[PDB]
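Visitor: Just structure.cif, nothing more (mmCIF, C-alpha atoms and all ligand atoms):
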```
data_my_file
loop_
_atom_site.group_PDB
_atom_site.id
_atom_site.type_symbol
_atom_site.label_atom_id
_atom_site.label_comp_id
_atom_site.auth_asym_id
_atom_site.auth_seq_id
_atom_site.Cartn_x
_atom_site.Cartn_y
_atom_site.Cartn_z
ATOM 1 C CA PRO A 1 -58.699 87.614 -82.085
ATOM 2 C CA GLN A 2 -60.483 90.847 -81.097
ATOM 3 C CA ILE A 3 -62.308 90.458 -77.795
ATOM 4 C CA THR A 4 -64.983 92.906 -76.921
ATOM 5 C CA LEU A 5 -65.711 93.916 -73.392
ATOM 6 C CA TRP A 6 -69.460 93.638 -73.205
ATOM 7 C CA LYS A 7 -68.822 90.468 -71.200
ATOM 8 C CA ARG A 8 -65.910 89.340 -68.992
ATOM 9 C CA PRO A 9 -62.949 88.434 -71.261
ATOM 10 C CA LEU A 10 -62.668 84.823 -70.226
ATOM 11 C CA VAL A 11 -60.462 82.367 -72.078
ATOM 12 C CA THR A 12 -59.415 78.769 -71.730
ATOM 13 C CA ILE A 13 -55.897 78.223 -70.367
ATOM 14 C CA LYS A 14 -53.820 75.129 -69.767
ATOM 15 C CA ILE A 15 -51.511 75.115 -66.767
ATOM 16 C CA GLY A 16 -49.934 72.220 -64.910
ATOM 17 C CA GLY A 17 -51.715 69.805 -67.207
ATOM 18 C CA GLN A 18 -55.111 71.285 -66.305
ATOM 19 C CA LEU A 19 -57.616 73.207 -68.421
ATOM 20 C CA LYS A 20 -59.104 76.230 -66.632
ATOM 21 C CA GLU A 21 -61.026 79.411 -67.400
ATOM 22 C CA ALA A 22 -59.251 82.675 -66.721
ATOM 23 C CA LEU A 23 -59.791 86.389 -67.104
ATOM 24 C CA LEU A 24 -57.591 88.484 -69.424
ATOM 25 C CA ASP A 25 -56.849 91.281 -66.972
ATOM 26 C CA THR A 26 -54.991 94.437 -67.973
ATOM 27 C CA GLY A 27 -55.396 95.756 -64.410
ATOM 28 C CA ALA A 28 -53.379 92.868 -62.914
ATOM 29 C CA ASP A 29 -49.584 93.163 -62.825
ATOM 30 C CA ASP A 30 -49.212 89.452 -62.172
ATOM 31 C CA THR A 31 -50.999 86.187 -62.969
ATOM 32 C CA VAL A 32 -52.949 84.708 -60.041
ATOM 33 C CA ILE A 33 -54.451 81.194 -60.225
ATOM 34 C CA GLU A 34 -56.730 79.420 -57.695
ATOM 35 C CA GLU A 35 -55.040 76.864 -55.434
ATOM 36 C CA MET A 36 -53.448 73.996 -57.295
ATOM 37 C CA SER A 37 -50.167 72.071 -57.242
ATOM 38 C CA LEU A 38 -47.324 73.181 -59.513
ATOM 39 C CA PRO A 39 -43.828 71.642 -59.693
ATOM 40 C CA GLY A 40 -40.610 73.218 -58.457
ATOM 41 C CA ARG A 41 -39.641 75.792 -55.959
ATOM 42 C CA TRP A 42 -41.908 78.534 -54.631
ATOM 43 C CA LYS A 43 -41.741 81.444 -52.260
ATOM 44 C CA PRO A 44 -44.435 83.296 -50.301
ATOM 45 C CA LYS A 45 -45.817 86.622 -51.444
ATOM 46 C CA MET A 46 -48.674 88.996 -50.562
ATOM 47 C CA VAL A 47 -50.804 90.551 -53.286
ATOM 48 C CA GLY A 48 -53.250 93.280 -52.718
ATOM 49 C CA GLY A 49 -56.302 94.681 -54.365
ATOM 50 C CA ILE A 50 -59.812 95.797 -53.547
ATOM 51 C CA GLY A 51 -60.693 94.272 -50.192
ATOM 52 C CA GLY A 52 -57.082 93.867 -49.058
ATOM 53 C CA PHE A 53 -54.381 91.244 -49.476
ATOM 54 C CA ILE A 54 -54.109 87.511 -49.942
ATOM 55 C CA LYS A 55 -51.105 85.285 -49.337
ATOM 56 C CA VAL A 56 -49.922 83.385 -52.403
ATOM 57 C CA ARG A 57 -47.157 81.019 -53.524
ATOM 58 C CA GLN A 58 -44.904 82.413 -56.217
ATOM 59 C CA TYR A 59 -43.724 79.861 -58.779
ATOM 60 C CA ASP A 60 -41.242 81.017 -61.418
ATOM 61 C CA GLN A 61 -40.749 79.773 -64.998
ATOM 62 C CA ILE A 62 -44.185 78.155 -65.411
ATOM 63 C CA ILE A 63 -45.489 77.445 -68.885
ATOM 64 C CA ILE A 64 -49.132 78.424 -69.563
ATOM 65 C CA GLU A 65 -51.095 78.016 -72.839
ATOM 66 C CA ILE A 66 -53.492 80.977 -73.144
ATOM 67 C CA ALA A 67 -56.194 80.735 -75.762
ATOM 68 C CA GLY A 68 -53.809 78.443 -77.649
ATOM 69 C CA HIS A 69 -50.742 80.724 -77.279
ATOM 70 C CA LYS A 70 -47.757 79.445 -75.239
ATOM 71 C CA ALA A 71 -46.219 81.817 -72.642
ATOM 72 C CA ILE A 72 -43.752 81.303 -69.754
ATOM 73 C CA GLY A 73 -43.487 83.316 -66.607
ATOM 74 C CA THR A 74 -44.163 83.668 -62.906
ATOM 75 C CA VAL A 75 -47.479 82.376 -61.668
ATOM 76 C CA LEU A 76 -48.934 83.191 -58.251
ATOM 77 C CA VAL A 77 -51.154 80.545 -56.639
ATOM 78 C CA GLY A 78 -53.625 81.284 -53.848
ATOM 79 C CA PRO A 79 -57.169 81.934 -52.788
ATOM 80 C CA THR A 80 -58.163 84.302 -55.585
ATOM 81 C CA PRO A 81 -61.892 84.279 -56.361
ATOM 82 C CA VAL A 82 -61.180 84.015 -60.138
ATOM 83 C CA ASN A 83 -58.191 82.915 -62.244
ATOM 84 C CA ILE A 84 -56.413 86.045 -63.566
ATOM 85 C CA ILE A 85 -54.001 86.332 -66.475
ATOM 86 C CA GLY A 86 -52.047 89.465 -65.727
ATOM 87 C CA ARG A 87 -49.741 91.674 -67.741
ATOM 88 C CA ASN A 88 -46.684 89.524 -67.176
ATOM 89 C CA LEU A 89 -48.216 86.901 -69.469
ATOM 90 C CA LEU A 90 -50.475 89.136 -71.627
ATOM 91 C CA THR A 91 -47.355 90.767 -73.038
ATOM 92 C CA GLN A 92 -45.989 87.412 -74.123
ATOM 93 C CA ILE A 93 -49.013 86.626 -76.281
ATOM 94 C CA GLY A 94 -48.890 90.110 -77.833
ATOM 95 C CA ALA A 95 -52.062 91.420 -76.248
ATOM 96 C CA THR A 96 -52.986 95.035 -76.647
ATOM 97 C CA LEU A 97 -55.862 97.273 -75.639
ATOM 98 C CA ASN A 98 -57.221 99.238 -78.605
ATOM 99 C CA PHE A 99 -59.656 102.120 -78.890
ATOM 100 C CA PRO B 1 -54.473 104.070 -79.602
ATOM 101 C CA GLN B 2 -52.896 100.732 -79.323
ATOM 102 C CA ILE B 3 -51.711 100.172 -75.746
ATOM 103 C CA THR B 4 -49.148 97.488 -74.982
ATOM 104 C CA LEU B 5 -48.955 96.010 -71.521
ATOM 105 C CA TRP B 6 -45.264 96.112 -70.570
ATOM 106 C CA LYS B 7 -46.216 98.970 -68.223
ATOM 107 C CA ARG B 8 -49.443 99.594 -66.336
ATOM 108 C CA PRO B 9 -52.127 101.034 -68.726
ATOM 109 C CA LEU B 10 -52.514 104.294 -66.876
ATOM 110 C CA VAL B 11 -54.424 107.158 -68.498
ATOM 111 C CA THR B 12 -55.664 110.596 -67.531
ATOM 112 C CA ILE B 13 -59.324 110.917 -66.632
ATOM 113 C CA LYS B 14 -61.343 114.038 -65.985
ATOM 114 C CA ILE B 15 -64.214 113.877 -63.508
ATOM 115 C CA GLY B 16 -65.782 116.726 -61.608
ATOM 116 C CA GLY B 17 -63.481 119.132 -63.364
ATOM 117 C CA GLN B 18 -60.403 117.394 -61.945
ATOM 118 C CA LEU B 19 -57.676 115.429 -63.696
ATOM 119 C CA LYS B 20 -56.794 112.104 -62.134
ATOM 120 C CA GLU B 21 -54.840 109.014 -63.138
ATOM 121 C CA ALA B 22 -56.661 105.724 -63.639
ATOM 122 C CA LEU B 23 -55.905 102.168 -64.702
ATOM 123 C CA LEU B 24 -57.643 100.638 -67.712
ATOM 124 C CA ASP B 25 -58.776 97.372 -66.179
ATOM 125 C CA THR B 26 -60.382 94.686 -68.320
ATOM 126 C CA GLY B 27 -60.732 92.460 -65.240
ATOM 127 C CA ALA B 28 -63.039 94.992 -63.556
ATOM 128 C CA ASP B 29 -66.738 94.863 -64.282
ATOM 129 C CA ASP B 30 -67.244 98.320 -62.710
ATOM 130 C CA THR B 31 -65.327 101.628 -62.488
ATOM 131 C CA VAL B 32 -64.076 102.293 -58.953
ATOM 132 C CA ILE B 33 -62.615 105.662 -57.968
ATOM 133 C CA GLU B 34 -60.981 106.897 -54.772
ATOM 134 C CA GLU B 35 -62.961 109.074 -52.361
ATOM 135 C CA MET B 36 -64.172 112.309 -53.971
ATOM 136 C CA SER B 37 -67.298 114.398 -54.073
ATOM 137 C CA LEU B 38 -69.843 113.739 -56.838
ATOM 138 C CA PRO B 39 -73.216 115.332 -57.467
ATOM 139 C CA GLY B 40 -76.587 113.728 -56.930
ATOM 140 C CA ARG B 41 -77.813 110.758 -54.985
ATOM 141 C CA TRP B 42 -75.962 107.518 -54.484
ATOM 142 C CA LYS B 43 -77.028 103.917 -53.909
ATOM 143 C CA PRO B 44 -75.278 101.143 -52.008
ATOM 144 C CA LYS B 45 -73.156 98.472 -53.609
ATOM 145 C CA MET B 46 -70.773 95.789 -52.435
ATOM 146 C CA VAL B 47 -67.680 95.102 -54.584
ATOM 147 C CA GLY B 48 -65.755 91.828 -54.242
ATOM 148 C CA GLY B 49 -62.112 92.168 -55.155
ATOM 149 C CA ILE B 50 -59.145 89.908 -54.634
ATOM 150 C CA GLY B 51 -59.000 90.442 -50.858
ATOM 151 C CA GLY B 52 -62.702 90.523 -50.043
ATOM 152 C CA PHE B 53 -65.740 92.761 -50.230
ATOM 153 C CA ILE B 54 -65.901 96.522 -49.736
ATOM 154 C CA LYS B 55 -68.792 99.000 -49.542
ATOM 155 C CA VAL B 56 -68.902 101.688 -52.160
ATOM 156 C CA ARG B 57 -71.157 104.594 -53.143
ATOM 157 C CA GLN B 58 -72.766 104.082 -56.579
ATOM 158 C CA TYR B 59 -73.331 107.248 -58.565
ATOM 159 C CA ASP B 60 -75.147 106.868 -61.889
ATOM 160 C CA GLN B 61 -74.911 108.961 -65.036
ATOM 161 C CA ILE B 62 -71.644 110.712 -64.181
ATOM 162 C CA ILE B 63 -69.744 112.596 -66.890
ATOM 163 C CA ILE B 64 -66.168 111.323 -67.164
ATOM 164 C CA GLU B 65 -63.494 111.749 -69.809
ATOM 165 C CA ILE B 66 -61.124 108.787 -70.288
ATOM 166 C CA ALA B 67 -57.948 109.218 -72.306
ATOM 167 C CA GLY B 68 -59.770 111.984 -74.222
ATOM 168 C CA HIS B 69 -62.942 109.959 -74.872
ATOM 169 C CA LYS B 70 -66.229 111.042 -73.401
ATOM 170 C CA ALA B 71 -68.255 108.675 -71.252
ATOM 171 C CA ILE B 72 -71.355 109.103 -69.100
ATOM 172 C CA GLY B 73 -72.114 106.269 -66.709
ATOM 173 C CA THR B 74 -71.813 104.607 -63.359
ATOM 174 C CA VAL B 75 -68.967 105.421 -61.031
ATOM 175 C CA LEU B 76 -68.366 103.605 -57.730
ATOM 176 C CA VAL B 77 -66.575 105.605 -55.031
ATOM 177 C CA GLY B 78 -64.729 103.829 -52.266
ATOM 178 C CA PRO B 79 -61.404 102.605 -50.895
ATOM 179 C CA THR B 80 -59.695 101.186 -53.909
ATOM 180 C CA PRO B 81 -55.960 101.409 -54.045
ATOM 181 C CA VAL B 82 -56.028 102.771 -57.516
ATOM 182 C CA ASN B 83 -58.622 104.429 -59.672
ATOM 183 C CA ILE B 84 -59.811 101.675 -62.049
ATOM 184 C CA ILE B 85 -61.762 102.074 -65.296
ATOM 185 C CA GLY B 86 -63.861 98.930 -65.719
ATOM 186 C CA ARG B 87 -65.768 97.425 -68.559
ATOM 187 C CA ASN B 88 -68.892 99.542 -68.082
ATOM 188 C CA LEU B 89 -66.879 102.549 -69.332
ATOM 189 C CA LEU B 90 -64.316 100.725 -71.493
ATOM 190 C CA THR B 91 -67.193 99.724 -73.731
ATOM 191 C CA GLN B 92 -68.278 103.373 -73.999
ATOM 192 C CA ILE B 93 -64.867 104.351 -75.324
ATOM 193 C CA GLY B 94 -64.833 101.387 -77.733
ATOM 194 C CA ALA B 95 -61.997 99.456 -76.183
ATOM 195 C CA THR B 96 -61.209 95.885 -77.185
ATOM 196 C CA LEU B 97 -58.501 93.398 -76.378
ATOM 197 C CA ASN B 98 -56.477 92.133 -79.367
ATOM 198 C CA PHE B 99 -53.909 89.410 -79.888
HETATM 199 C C1 LIG A 101 -49.665 91.921 -58.290
HETATM 200 O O1 LIG A 101 -50.561 91.284 -59.160
HETATM 201 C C2 LIG A 101 -51.875 91.511 -58.908
HETATM 202 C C3 LIG A 101 -52.320 92.344 -57.900
HETATM 203 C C4 LIG A 101 -53.692 92.526 -57.701
HETATM 204 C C5 LIG A 101 -54.603 91.894 -58.528
HETATM 205 S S1 LIG A 101 -56.315 92.264 -58.399
HETATM 206 O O2 LIG A 101 -57.095 91.082 -58.776
HETATM 207 O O3 LIG A 101 -56.506 92.835 -57.054
HETATM 208 N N1 LIG A 101 -56.705 93.451 -59.468
HETATM 209 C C6 LIG A 101 -55.922 94.674 -59.364
HETATM 210 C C7 LIG A 101 -56.660 95.951 -59.692
HETATM 211 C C8 LIG A 101 -57.962 96.210 -58.935
HETATM 212 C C9 LIG A 101 -57.541 97.160 -57.805
HETATM 213 C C10 LIG A 101 -56.257 97.765 -58.309
HETATM 214 O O4 LIG A 101 -55.748 98.755 -57.767
HETATM 215 N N2 LIG A 101 -55.832 97.143 -59.388
HETATM 216 C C11 LIG A 101 -57.078 93.029 -60.810
HETATM 217 C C12 LIG A 101 -58.502 93.423 -61.163
HETATM 218 O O5 LIG A 101 -58.781 93.279 -62.573
HETATM 219 C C13 LIG A 101 -59.559 92.641 -60.398
HETATM 220 C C14 LIG A 101 -59.643 91.165 -60.827
HETATM 221 C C15 LIG A 101 -60.713 90.452 -59.995
HETATM 222 C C16 LIG A 101 -60.451 90.159 -58.636
HETATM 223 C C17 LIG A 101 -61.446 89.507 -57.896
HETATM 224 C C18 LIG A 101 -62.678 89.179 -58.448
HETATM 225 C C19 LIG A 101 -62.898 89.404 -59.818
HETATM 226 C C20 LIG A 101 -61.924 90.076 -60.524
HETATM 227 N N3 LIG A 101 -60.844 93.279 -60.551
HETATM 228 C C21 LIG A 101 -61.469 93.984 -59.608
HETATM 229 O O6 LIG A 101 -60.964 94.227 -58.487
HETATM 230 O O7 LIG A 101 -62.658 94.457 -59.996
HETATM 231 C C22 LIG A 101 -63.467 95.009 -58.936
HETATM 232 C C23 LIG A 101 -64.056 93.903 -58.048
HETATM 233 C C24 LIG A 101 -65.397 93.509 -58.642
HETATM 234 C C25 LIG A 101 -65.434 92.127 -59.237
HETATM 235 C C26 LIG A 101 -64.965 92.330 -60.661
HETATM 236 O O8 LIG A 101 -65.341 93.672 -61.002
HETATM 237 C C27 LIG A 101 -65.648 94.436 -59.832
HETATM 238 C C28 LIG A 101 -64.689 95.602 -59.630
HETATM 239 C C29 LIG A 101 -54.158 91.034 -59.507
HETATM 240 C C30 LIG A 101 -52.810 90.784 -59.660
HETATM 241 CL CL CL A 102 -49.790 93.607 -54.898
HETATM 242 CL CL CL A 103 -43.000 86.855 -65.305
HETATM 243 CL CL CL A 104 -44.849 94.320 -78.098
HETATM 244 CL CL CL A 105 -72.468 102.524 -66.771
HETATM 245 NA NA NA A 106 -39.916 77.243 -60.991
HETATM 246 NA NA NA A 107 -76.569 110.209 -60.564
#
```
Reformat the file's structure so that it appears as structure tokens.
Ligand SMILES: COc1ccc(S(=O)(=O)N(C[C@H]2CCC(=O)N2)C[C@@H](O)[C@H](Cc2ccccc2)NC(=O)O[C@@H]2C[C@@H]3CCO[C@@H]3C2)cc1
Ligand SMILES: [Cl-]
Ligand SMILES: [Cl-]
Ligand SMILES: [Cl-]
Ligand SMILES: [Cl-]
Ligand code: NA
Ligand code: NA
Guide:
Amino acid sequence: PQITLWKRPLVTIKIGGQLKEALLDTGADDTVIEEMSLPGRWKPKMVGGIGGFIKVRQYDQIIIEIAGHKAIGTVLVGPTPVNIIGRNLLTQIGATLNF
Amino acid sequence: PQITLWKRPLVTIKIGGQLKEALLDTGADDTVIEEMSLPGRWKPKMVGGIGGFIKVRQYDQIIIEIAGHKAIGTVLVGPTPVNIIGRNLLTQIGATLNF
């Protein structure tokens, strides 16, 4: 699809067996999802933005369906105010910014 | 252009006669720029990013060039770690997300 930017570019994702809404975010290096359980090992990380940093759990090799496109990668889990699909997974679905 | 996302989507902007680097950020509603001087009056605004809320100065109707495309619109000035071009100006340059 072609998604215009008049509105937030929200899509449905499936992660850990759960359907969620998430933002397609070219300004995010990494994918950051609100607190939920995921299987396997994790390690702590800090991620920073406007307003400062939050502590997250970094889970590697997590499969996420994004607008019906499968992608695998690292997912960060923590107290983000919105679910964010960052560049690490946008690349895998072939997303580009065009103007 | 068509911009892939394997690297950060950094572009040159021109504002107040000065070249700066900024991030094209589809997850940002608003354009937020590091401390600089801008003409005219400003209004208050609170911006809620990943780590919390910050105060910014809102300047309306500011001339800004983005990757060689001319925009005139709202710029927020405050302590962001990176200059970010949000959807209010991405729409002015005709940007879309495609996959
Ligand atoms: C390492 O991986 C990441 C690091 C930081 C973030 S981030 O969420 O902080 N952010 C990074 C950007 C903004 C600062 C910067 O230098 N780069 C991703 C953004 O798209 C973020 C994504 C976002 C975070 C929190 C709330 C909503 C969106 N949007 C955002 O901060 O927008 C600001 C806040 C205001 C709300 C939305 O628009 C307004 C302008 C995401 C992943
Ligand atoms: Cl970070
Ligand atoms: Cl990854
Ligand atoms: Cl590619
Ligand atoms: Cl505007
Ligand atoms: Na894992
Ligand atoms: Na003004």
Visitor: Could you give me the residues within 7 Å of ligand CL 105 (chain A), counting only C-alpha atoms and all ligand atoms, as a list in words?
Guide: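 Those residues are residues 73, 74, 88 and 89 of chain B.
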Visitor: To check your reading of the model: which residues sit at most 10 Å from ligand CL 103 (chain A) when counting all atoms listed in the file? Write the answer as a ChimeraX atom specification.
Guide: /A:29-31,59-62,71-76,86-89,91-92
Visitor: Could you check which of B:36, B:90, B:64, B:85 is closest to ligand LIG 101 (chain A), using only C-alpha atoms and all ligand atoms?
Guide: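 Closest to ligand LIG 101 (chain A), using only C-alpha atoms and all ligand atoms: B:85.
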Visitor: Would you kindly translate the PyMOL selection byres ((chain B) within 7 of (chain A and not hetatm)) into the concrete residues it picks from this file, as a ChimeraX atom specification?
Guide: /B:1-6,23-27,48-54,80-81,87,91,93-99
Visitor: Between atom CA of residue A:17 and atom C30 of ligand LIG 101 (chain A), what distance in Å does the model show, to one decimal?
Guide: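 So the answer is 22.3 Å.
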Visitor: Closest to residue B:46 among B:34, B:22, B:14, B:78, using only C-alpha atoms?
Guide: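 Closest to residue B:46 of all the choices is B:78.
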Visitor: Box time for ligand LIG 101 (chain A): axis-aligned, enclosing all its listed atoms, 8 Å extra on each side; report centre and edge lengths in Å to one decimal, as lines of an AutoDock Vina configuration file.
Guide:
```
center_x = -57.7
center_y = 94.0
center_z = -59.8
size_x = 32.0
size_y = 25.6
size_z = 21.5
```
Visitor: Suppose you want the space between atom CA of residue B:45 and atom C28 of ligand LIG 101 (chain A); what is it in Å?
Guide: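 Atom-to-atom, atom CA of residue B:45 to atom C28 of ligand LIG 101 (chain A), that is 10.8 Å.
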Visitor: Please measure the separation of atom CA of residue B:13 and atom CA of residue B:58, giving the value in Å to one decimal.
Guide: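 Straight-line distance from atom CA of residue B:13 to atom CA of residue B:58 works out to 18.1 Å.
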Visitor: Given only C-alpha atoms and all ligand atoms as the basis, pick out the residue of B:18, B:41, B:33, B:11 nearest to ligand NA 107 (chain A).
Guide: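 Going through B:18, B:41, B:33, B:11 one by one, the smallest distance to ligand NA 107 (chain A) is for B:41.
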Visitor: For residue B:70, which residue among B:15, B:56, B:83, B:43 is the nearest when counting all atoms listed in the file?
Guide: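 Among the listed residues, the smallest separation from residue B:70 belongs to B:15.
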Visitor: Since the input is missing atoms for stretch 21-35 of chain A, could you rebuild it with N, CA, C and O atoms and give the result as a PDB file, keeping the file's coordinate frame?
Guide:
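Ended up saving to rebuild-v8.pdb:
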```pdb
ATOM      1  N   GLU A  21     -60.572  78.132 -66.849  1.00  0.00           N
ATOM      2  CA  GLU A  21     -61.026  79.411 -67.400  1.00  0.00           C
ATOM      3  C   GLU A  21     -60.352  80.532 -66.639  1.00  0.00           C
ATOM      4  O   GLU A  21     -60.231  80.461 -65.439  1.00  0.00           O
ATOM      5  N   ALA A  22     -59.928  81.571 -67.366  1.00  0.00           N
ATOM      6  CA  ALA A  22     -59.251  82.675 -66.721  1.00  0.00           C
ATOM      7  C   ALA A  22     -59.599  83.974 -67.414  1.00  0.00           C
ATOM      8  O   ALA A  22     -59.917  84.011 -68.604  1.00  0.00           O
ATOM      9  N   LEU A  23     -59.510  85.039 -66.678  1.00  0.00           N
ATOM     10  CA  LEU A  23     -59.791  86.389 -67.104  1.00  0.00           C
ATOM     11  C   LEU A  23     -58.537  87.078 -67.668  1.00  0.00           C
ATOM     12  O   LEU A  23     -57.514  87.089 -66.998  1.00  0.00           O
ATOM     13  N   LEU A  24     -58.656  87.643 -68.875  1.00  0.00           N
ATOM     14  CA  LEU A  24     -57.591  88.484 -69.424  1.00  0.00           C
ATOM     15  C   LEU A  24     -57.663  89.845 -68.764  1.00  0.00           C
ATOM     16  O   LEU A  24     -58.611  90.583 -69.015  1.00  0.00           O
ATOM     17  N   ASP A  25     -56.712  90.158 -67.893  1.00  0.00           N
ATOM     18  CA  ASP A  25     -56.849  91.281 -66.972  1.00  0.00           C
ATOM     19  C   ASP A  25     -55.704  92.296 -67.077  1.00  0.00           C
ATOM     20  O   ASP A  25     -54.635  92.154 -66.505  1.00  0.00           O
ATOM     21  N   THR A  26     -55.999  93.406 -67.792  1.00  0.00           N
ATOM     22  CA  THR A  26     -54.991  94.437 -67.973  1.00  0.00           C
ATOM     23  C   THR A  26     -54.713  95.188 -66.691  1.00  0.00           C
ATOM     24  O   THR A  26     -53.700  95.864 -66.584  1.00  0.00           O
ATOM     25  N   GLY A  27     -55.580  95.098 -65.689  1.00  0.00           N
ATOM     26  CA  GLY A  27     -55.396  95.756 -64.410  1.00  0.00           C
ATOM     27  C   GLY A  27     -54.599  94.940 -63.433  1.00  0.00           C
ATOM     28  O   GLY A  27     -54.406  95.423 -62.292  1.00  0.00           O
ATOM     29  N   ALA A  28     -54.141  93.755 -63.792  1.00  0.00           N
ATOM     30  CA  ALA A  28     -53.379  92.868 -62.914  1.00  0.00           C
ATOM     31  C   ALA A  28     -51.921  92.873 -63.375  1.00  0.00           C
ATOM     32  O   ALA A  28     -51.607  92.519 -64.506  1.00  0.00           O
ATOM     33  N   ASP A  29     -50.998  93.239 -62.486  1.00  0.00           N
ATOM     34  CA  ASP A  29     -49.584  93.163 -62.825  1.00  0.00           C
ATOM     35  C   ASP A  29     -49.131  91.742 -63.072  1.00  0.00           C
ATOM     36  O   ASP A  29     -48.294  91.466 -63.960  1.00  0.00           O
ATOM     37  N   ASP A  30     -49.643  90.837 -62.250  1.00  0.00           N
ATOM     38  CA  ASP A  30     -49.212  89.452 -62.172  1.00  0.00           C
ATOM     39  C   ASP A  30     -50.404  88.507 -62.430  1.00  0.00           C
ATOM     40  O   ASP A  30     -51.550  88.895 -62.292  1.00  0.00           O
ATOM     41  N   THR A  31     -50.075  87.278 -62.773  1.00  0.00           N
ATOM     42  CA  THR A  31     -50.999  86.187 -62.969  1.00  0.00           C
ATOM     43  C   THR A  31     -51.256  85.453 -61.676  1.00  0.00           C
ATOM     44  O   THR A  31     -50.292  85.083 -60.978  1.00  0.00           O
ATOM     45  N   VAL A  32     -52.543  85.272 -61.326  1.00  0.00           N
ATOM     46  CA  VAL A  32     -52.949  84.708 -60.041  1.00  0.00           C
ATOM     47  C   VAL A  32     -53.974  83.610 -60.337  1.00  0.00           C
ATOM     48  O   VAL A  32     -55.019  83.876 -60.916  1.00  0.00           O
ATOM     49  N   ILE A  33     -53.637  82.383 -59.928  1.00  0.00           N
ATOM     50  CA  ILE A  33     -54.451  81.194 -60.225  1.00  0.00           C
ATOM     51  C   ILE A  33     -54.938  80.611 -58.884  1.00  0.00           C
ATOM     52  O   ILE A  33     -54.202  80.622 -57.895  1.00  0.00           O
ATOM     53  N   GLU A  34     -56.171  80.074 -58.882  1.00  0.00           N
ATOM     54  CA  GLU A  34     -56.730  79.420 -57.695  1.00  0.00           C
ATOM     55  C   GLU A  34     -55.841  78.239 -57.283  1.00  0.00           C
ATOM     56  O   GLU A  34     -55.111  77.674 -58.092  1.00  0.00           O
ATOM     57  N   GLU A  35     -55.944  77.845 -56.027  1.00  0.00           N
ATOM     58  CA  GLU A  35     -55.040  76.864 -55.434  1.00  0.00           C
ATOM     59  C   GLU A  35     -54.985  75.585 -56.253  1.00  0.00           C
ATOM     60  O   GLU A  35     -56.027  74.991 -56.579  1.00  0.00           O
TER      61      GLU A  35
END
```
